[PDB]
Structure formats: C-alpha cells, structure tokens
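Reviewing the structure listed below.
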Amino acid sequence: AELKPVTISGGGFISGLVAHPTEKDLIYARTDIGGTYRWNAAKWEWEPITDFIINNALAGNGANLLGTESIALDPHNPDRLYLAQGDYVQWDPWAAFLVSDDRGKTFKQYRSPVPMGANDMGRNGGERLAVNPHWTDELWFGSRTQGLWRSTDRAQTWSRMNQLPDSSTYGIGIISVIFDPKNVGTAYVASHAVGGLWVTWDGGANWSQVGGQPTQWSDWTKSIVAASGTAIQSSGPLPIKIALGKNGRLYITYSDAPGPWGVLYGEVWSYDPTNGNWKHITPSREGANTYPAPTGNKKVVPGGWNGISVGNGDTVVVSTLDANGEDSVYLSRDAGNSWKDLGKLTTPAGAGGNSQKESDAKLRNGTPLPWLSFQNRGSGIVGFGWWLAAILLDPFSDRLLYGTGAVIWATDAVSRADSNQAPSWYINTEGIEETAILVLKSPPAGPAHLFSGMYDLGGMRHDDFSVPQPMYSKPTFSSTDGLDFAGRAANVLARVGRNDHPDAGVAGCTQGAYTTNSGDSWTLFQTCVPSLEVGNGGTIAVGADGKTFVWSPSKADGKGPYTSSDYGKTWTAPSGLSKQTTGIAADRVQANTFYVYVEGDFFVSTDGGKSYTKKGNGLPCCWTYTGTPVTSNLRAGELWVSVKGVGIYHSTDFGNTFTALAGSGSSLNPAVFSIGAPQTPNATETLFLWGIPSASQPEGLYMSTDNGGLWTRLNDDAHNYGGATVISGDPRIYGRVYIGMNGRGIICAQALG
C-alpha cells in the first residue's frame, strides 16, 4: 500500500530543535504530541522517525508515547540518537527512552523509571536529556517530578542523583541540563525555581547554586509590573533554558511561569564562569543597544523568554515567550551586549504586531500555506509567530530556524541582520504533519475527495493532497468538531465548531454553517442548537435530501439530538431519545433517516429526527457501550455499527437486525471504522479498520472486501503514526482510506503501489 500525507504541512507546536556539534546537516525537531523528525538536507524534507509508535496500544497496556520530551546527541558520535518519549506526567502509566546507533532508523526501547511530559507545561523548556561528552556511556535526564537521573549504560538503566537538591515546581522539574564541553566534570542544570541554577565541578558528585545568580526580579522588571498594574507570578526569575557558547559564556532565559502559555514576565542573563560576572542581557530592556529600538511601553506586560541558540565568535540568539505582539527573535554578535530585533526588522511599515509578509508565507519552492492567514487571508500580513520556544542557528551555515505554535520559519542567511536588514524568510515545514484531526468526510461526488476537521486550524477542503490548502472561512473555525455531507446531495455539507473570530455583522450561529456549493461558500445556521458549548461544536448529520440537519451538542442537557428542516430557523428536540452523542449517522440514500448508537442502545428516525425508536436486535446486548454508526453510500437501510473494543455489526434492514462480523465479542477490537467503494460494482462495500481485526493479526490499518471474513494489512510496523483516531473510506475510489491521527495529521492510504 502507498501511504502519503494529505498535505497541511506543520500545523502544531515545535517544542525543540537540536543540531549536531560536528556533523553538518544533522538536525532533529521534537514535537509535543507528534514524535521527532530528522532533517534531510538533500531532499529538503523533515523525516518522521517515530512513526512506529502506537499510543495506548490495544493489546496489553500502553501509554501516549508519540510525544518527544527530549532529544540528545552524542557530540563525539553523530550516529547516536537518544529520545525521551511520553506525553503526560499525570495520565501515562509509563514512559520510555529510545536509543539508536543509526540516526533513528532503528531504535531499542527502555522503560523510564520516571514519568515524562512532552505534552505538559514547560515542554517549551529546554533539553532534559544530555550525553556526557567526556564519557559518552553516561547520560543525565532532568525529570519533571523526581530530580536529576543518571545512566552510565547508554540510557538502558537509571538512578537518581540525590546530590542535586530539587526544589523545582513539581511537574516542571529540572528543565535544562548542559555539560561543559571544555572543562571535564563541569556541568550546569537548571531547576525551575528561584535561584535554580546549579553547578557541578566534580562530574555530578557534588552540587551548589551558581554564585551571584539573580534570586529576585530586576528594577526594570519591577518598574513594569508597577507601571502595567499587573502582578508578576514569582518572587524571582524562573529558568526555562540554558546553554554554553563556544566562547565559554553561559546564557539563561527566565520567565515567571513555565510556559508555553501563561507567562507575563521574564529576563535574559549571561554568566561568565571565568570571573563570576552576571550581566542582564534582556534585549527589550531600556538601555542596551537593540536595533530597532524596543517599543519600551511599560503599560503592557512584556511576557518572558524562552529560546537560546549559540553560534560562532560571541554569537547568540534568543526568543521571547508570550510577548504576543512583541514576540520576536534577537541576534547578538556580542554575547548579549547589543542585539538586532529580527521581528521588527521584518515587520512591514504599518503593522501593529511583528509580522511576516503573507507573500513570504510559503515553502522555499514557493508553495503557499494559505491556512497560516487564519481569518485574515488577503490582508498582506501574517503573525511573526508565537510560542517562539525552539530556535536554532545552523552550526555549519548561516541558517536560522525558529519554531512557532504552528510552523518552522527559516532563513538561509541570518547575517543580513548585521547590516540592519531583515533576513529573507520562508516556511520550512516540508514533511512535518503535526495536526490533531477530529473528523474526515469524503462525499460521494464533487470537486474534492476529502474535507477535514481538526484542532486549532479548523480544517480544509482538500482539493489537492500534495499541497497545503486554505482552512474554512466565513465562518472561520478554531476547531471543527463535526462535519457531514448529504448522501444524495453531495454539494451540501454542514460544519460545526469553535469560532474564535466571528465575521463582523453576519447574523446567525457563529458555531455552525452549511454549504450548497461544495464549500465554495457557507452560510450560518439561523440559530444555534440549545446547550452549545463555546469550545466545541458537537456532531452534525445531514439527511440524504440535504434538507435536514441533526445537531447534537457536545454536552448532555436531558434532550436527544435536535433537528431542523429550515436551515437553523428552528431546532426541535426528539421523542424516544433523550441523550446527546457523537454516535450519529444519516442514511445516504433514503431522506430523513438517521441512526443513533449511544450508551449501548440503538435508535432510528424515519421522520427526520422528530422521533426515534429503539431497535438494533443482534447488537451486543447488555452493557453501555460507545460506538459509531456508519451508513452505506449505495443502499438505503444498510449500515454497520462499530462497537469500540467489542465488535462490528452489519444491518441491511434499517437496523431492525444486526449481524456480528467474524471474531466480534472475542478477537475483534475496533478503534475506528469506515466504509468505501466495493472492489466490484455493487458488491458489498469495502470495510476499513484501525484496530485488532482477528486473533493472529496485530493492531494496524486493515481492509476487508468480504464483510469481515478476511482482513488484509494496509500499513506496517513502521507506519502506525501513534494509531488512527479518525478514518474515512472514499465512495469513488476502491481501496482508498484516509486516516487522521492525534498529532500526525492525515495519511492517505491506497491498496497497491
């Protein structure tokens, strides 16, 4: 099977960026939910190296492993790669280290003795795993909850270094661990706490706080907490990240909160291990040598500091955190005595916030990322970027990368800033898909084979899979939590979501819209369904007619799904059914008929949702299961119900009668299930599954052309992507499935090569 992205390109948080100190082009990116990527300089493409991972494995007992907490390189051996993997301190029962001798082509996995938090607060902070350069079997790891840990067997086994006192905010921990490449046995570790800079000269046997470090906020900071009226959240600077220049100089970024959102203040310092000198280096502070001149407005909170990368001579670059508006990257050739403000330099005359040109919002080859405009497509300007946590000077070139909550920006030449001019930029997300998708719909006709819904970017009509598309507009969604088309009116779809930016002077429900021209344009439902949460659109179904909409809010309210045959003028609660669910599907052939599977019971409406009747004889018959109805594209009253963890059931009589597919109630364990075009015309439709399909087949993507007698494997052991959480077949192409995942975007899968 050919497996390829449905291109969005990036779309989520880049949490770190690590270069090799000796090997040109050897660069990795970590993401919070989406594993790690290895840069390919030749193909000019980021390569996903962790796609073998399954989150929450259906077999036995797994965790959210896809998220990468930390990347560490062996400075004397470029072939080596170590990853710390695991999303959640709170939610995950274990975490793991990945060790590779071949740049992440292959890994061995070892159980972590401590939990990890790639998707937690302070992930924006700044390298917890580190190889001892003077003894490369030894690695340290700054844990979120249990101090500094040490391995002397290449990250296989681990013991706590009790000799480092850990007062750090529980769950953020020791955010940043660095070895002194020049002085054997010298190392610095940054505890997230007041006076959190710790040093060893003993190779980690003894520790003491670095003498002289700021334990309270500077007068400059205090002056702005007083001018702005808004309080600091800490009594002293809190470390986010630390790094040693080749000049020997130690740089440290501080904030008043761990980040990546929620910071209000911060500072940047340098420290000189040669003479104990501290300098306050913060680029936006009044006083020291920043061009263009800092706004210097003390009325607004400045936010704090995150990123650090060091280069040649006394070159260092740093980035803000939550300065949202002033968010920027700064360049010094100076160890911080003076700076260029890269954000301002690139901001076109007459833009409030630091911005990039919209005409620059494109990959190096010129393909645009229209969605990066959000609600302001055509304005000429996009944000310079937010959550500028991860920044990187290429140690072997003049490139500078910076990550955002959405993309990587890059320049091939940062040195233009030396002559007071803006570097030339482009987006450098080739190969990265970090979206968390919510819904996939493939209508049986029209200009597109796939419409998507997802967190933070809304979703898109995927006209062309090879290239990024614009997100929905008018209305623009932050999320689209529900979406569906009409089976026999494919030009009509409905869209349901969180709308952070309602269109000015447009009447009706901002959280909900329908199209009659395949999403060329949308119009708001005249009124919102009752009980609609602001942060979540719920689930819509569109009757085969295109004339009836069933709208289930995302929370319970003591009613069942609401119906409308007047485009949202009215929403009427049903008889028979008094529960809200995601488990709704419309018939694709007969109008005004909807199927509902909620807490173990099955319901059908033939009157457009006005009234339902409990049916579904043959379905698993006692507990309160969750499950998904899926309707045939070809025949009325033909459907399946996938019961999560238990089985898949097939009806040809509108749900009066359901027949278990083979292995149902034993080896069959579906997570997500879908239908697509049959192999031969008007045979039974082909099935697709992410899950365990039989007793001798592992969790993966499968298809069946004989109603579940035989499941053929579509992916492989290296192509799991965390596991699919969304799935849609395609009614016009046999053997085609779309899988969406939580942090790896959308893969398109096609049976033969």
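Along the sequence shown, residues carry numbers from 1.
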For this session: State whether a side-chain donor-acceptor pair under 3.5 Å links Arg154 with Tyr82.
Result: yes

Exercise. With a cut-off of 6.0 Å (strictly less than), are more than 12 heavy atoms of other residues, nucleotides or ligands near NZ of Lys24?
Worked result: no

Exercise. Side chain of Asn715, backbone of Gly700: donor and acceptor closer than 3.5 Å?
Worked result: no

Exercise. Heavy atoms, side chains only, cut-off 4.5 Å: are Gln233 and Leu264 in contact?
Worked result: yes

Exercise. Going by the angle between their ring planes, with limits at 30° and 60°, are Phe97 and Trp158 parallel, tilted or perpendicular?
Worked result: parallel

Seminar exercise, completed: Nearest heavy-atom contact between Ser167 and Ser191 is N-OG, 4.2 Å

For this session: Rounded to the nearest 0.5 Å, what's the gap from OG on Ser255 to CD1 on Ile175? Could you check?
Result: 10.0 Å

Problem set entry | Value rounded to 0.5 Å, distance of CZ in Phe384 from CG in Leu342 | 6.0 Å

Exercise. Thinking salt bridges, do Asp74 and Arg80 make one under a 4.0 Å N-O criterion?
Worked result: yes

Exercise. Given the rule in the side chain to side chain contact (heavy atoms under 4.5 Å, CB included) test, do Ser208 and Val199 qualify, once you have shown the distances and angles that lead to the verdict?
Worked result: CA-CA 6 Å; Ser208 46; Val199 59; 4.0 Å; yes

For this session: State yes or no: are the ring centers of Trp690 and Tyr721 separated by less than 6.0 Å?
Result: no

Problem set entry | Residue pair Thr36 / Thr68, side-chain donor-acceptor N/O under 3.5 Å | no

Exercise. Taking NZ, NE, NH1 and NH2 as the nitrogens, is one of them in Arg123 or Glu69 under 4.0 Å from a carboxylate oxygen of the other?
Worked result: no

For this session: Could you pull out all residues at least two apart from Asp166 that satisfy side chain to side chain donor-acceptor pair (under 3.5 Å)?
Result: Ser168

Problem set entry | Closest non-hydrogen atom pair, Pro165 against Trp198 | CG-CH2, 3.7 Å

Problem set entry | Donor + acceptor pair across side chains of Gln156, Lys108 (<3.5 Å) | no

Exercise. Is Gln109 reaching over with its side chain to a backbone N or O of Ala96, donor-acceptor style, under 3.5 angstrom?
Worked result: no

Exercise. Short question: side chain of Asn306, backbone of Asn124 - any donor-acceptor pair under 3.5 Å?
Worked result: yes

Exercise. Quick one: does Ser15's side chain have a donor or acceptor within less than 3.5 Å of a partner on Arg30's backbone?
Worked result: yes

Exercise. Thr315 versus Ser332: any side-chain heavy-atom pair under 4.5 Å?
Worked result: no

Exercise. Side chains of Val726 and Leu438: closer than 4.5 Å at any heavy-atom pair?
Worked result: no

For this session: Determine whether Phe107 and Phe52 make a side-chain contact, defined as any pair of heavy atoms from C-beta on separated by less than 4.5 Å.
Result: yes

Problem set entry | Flag, side chain of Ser70 to backbone of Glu127, donor-acceptor distance under 3.5 Å | no

For this session: In sequence, state the C-alpha distance, the side-chain angles, and the governing distance for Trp201 and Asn206, and then conclude on side chain to side chain contact (heavy atoms under 4.5 Å, CB included).
Result: CA-CA 7 Å; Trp201 307 292; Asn206 294 276; over 6 Å; no

Exercise. Is the backbone N or O of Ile281 less than 3.5 Å from a side-chain atom of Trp339, with the two atoms forming a donor-acceptor pair by type?
Worked result: yes

For this session: For the pair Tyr88 and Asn119, evaluate side chain to side chain donor-acceptor pair (under 3.5 Å) and give the outcome as yes or no after the intermediate values.
Result: CA-CA 6 Å; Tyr88 301 114; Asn119 196 27; 2.8 Å; yes

Problem set entry | Close side-chain approach of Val225 to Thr230, heavy-atom, < 4.5 Å | no

Problem set entry | Verdict with supporting geometry, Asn56 and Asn64, side chain to side chain donor-acceptor pair (under 3.5 Å) | CA-CA 6 Å; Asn56 309 301; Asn64 295 298; 3.0 Å; yes

For this session: May I have the step-by-step check of side chain to side chain contact (heavy atoms under 4.5 Å, CB included) for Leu83 and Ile71, ending in yes or no?
Result: CA-CA 5 Å; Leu83 302 177; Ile71 305 161; 3.8 Å; yes

For this session: Determine yes or no for a side-chain-to-main-chain donor-acceptor pair under 3.5 angstrom, with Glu23 supplying the side chain and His20 the backbone.
Result: no

Problem set entry | Donor-acceptor under 3.5 Å (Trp387 side chain, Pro260 main chain) | yes

Problem set entry | Basic-acidic side-chain contact under 4.0 Å: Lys105, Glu47 | no

For this session: In sequence, state the C-alpha distance, the side-chain angles, and the governing distance for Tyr37 and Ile49, and then conclude on side chain to side chain contact (heavy atoms under 4.5 Å, CB included).
Result: CA-CA 6 Å; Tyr37 291 89; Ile49 58 162; over 6 Å; no

Exercise. Okay, side chain of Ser112, backbone of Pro115: is any donor-acceptor separation there less than 3.5 Å?
Worked result: no

Problem set entry | Backbone of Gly722 reached by a side-chain donor or acceptor of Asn720 within 3.5 Å | no

Exercise. Is it the case that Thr221 and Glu267 place a side-chain donor and acceptor less than 3.5 Å from each other?
Worked result: yes

Exercise. Would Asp51 and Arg744 pass as an ion pair if we require N to O under 4.0 Å?
Worked result: yes

Problem set entry | Audit row: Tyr330, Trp305, ring-ring contact (aromatic ring centres under 6.0 Å, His included) steps and yes/no | CA-CA 11 Å; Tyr330 293 78; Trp305 298 83; 5.6 Å; yes

Problem set entry | Inter-residue atom distance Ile747.CD1 - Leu701.CG, 0.5 Å rounding | 10.5 Å

Problem set entry | Reported CH2-to-CD1 distance for the pair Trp39 and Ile27, which is rounded to 0.5 angstrom | 8.0 Å

Exercise. Can a donor-acceptor pair be found between the side chains of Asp102 and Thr106 at a distance below 3.5 Å?
Worked result: yes

Problem set entry | Donor-acceptor side-chain pairing of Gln216 and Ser235 below 3.5 angstrom | no

For this session: Examine the side chains of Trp207 and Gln209 and answer whether a donor and an acceptor come within less than 3.5 Å of each other.
Result: no

For this session: State, yes or no, whether a side-chain contact exists between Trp278 and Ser270 at a heavy-atom distance under 4.5 Å.
Result: no

Seminar exercise, completed: Distance col, row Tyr251:OH vs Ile178:CD1, nearest 0.5 angstrom, shows 11.0 Å

Seminar exercise, completed: One should read off an interatomic distance between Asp79 CG and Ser100 OG, to the nearest 0.5 angstrom, of 8.0 Å

Exercise. Can you find a pair of side-chain heavy atoms, one from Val114 and one from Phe141, that are under 4.5 Å apart?
Worked result: yes

Exercise. What's the shortest heavy-atom distance between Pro48 and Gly431, and which atoms?
Worked result: CD-O, 4.4 Å

For this session: Please assess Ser479 against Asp481 for the test side chain to side chain donor-acceptor pair (under 3.5 Å), listing each intermediate value before the final yes or no.
Result: CA-CA 6 Å; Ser479 68; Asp481 306 274; 2.8 Å; yes

Problem set entry | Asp219 side chain near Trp217 side chain, heavy-atom distance below 4.5 Å | no

Problem set entry | Nearest non-hydrogen partners of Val310 and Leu393, listed with the distance | C-CD1, 3.9 Å

For this session: Could you tell me whether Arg249 and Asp314 make a salt bridge, using a distance below 4.0 angstrom between a side-chain N and a carboxylate O?
Result: no

For this session: Provide the closest heavy-atom pair for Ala724 versus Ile739 in the form atom of the first, atom of the second, distance.
Result: CB-CB, 3.7 Å

For this session: Indicate whether the side chain of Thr152 and that of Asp137 have a donor and an acceptor atom separated by less than 3.5 Å.
Result: no

Seminar exercise, completed: What one should report as the nearest heavy-atom pair of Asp87 and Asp32 is OD1-O, 3.8 Å

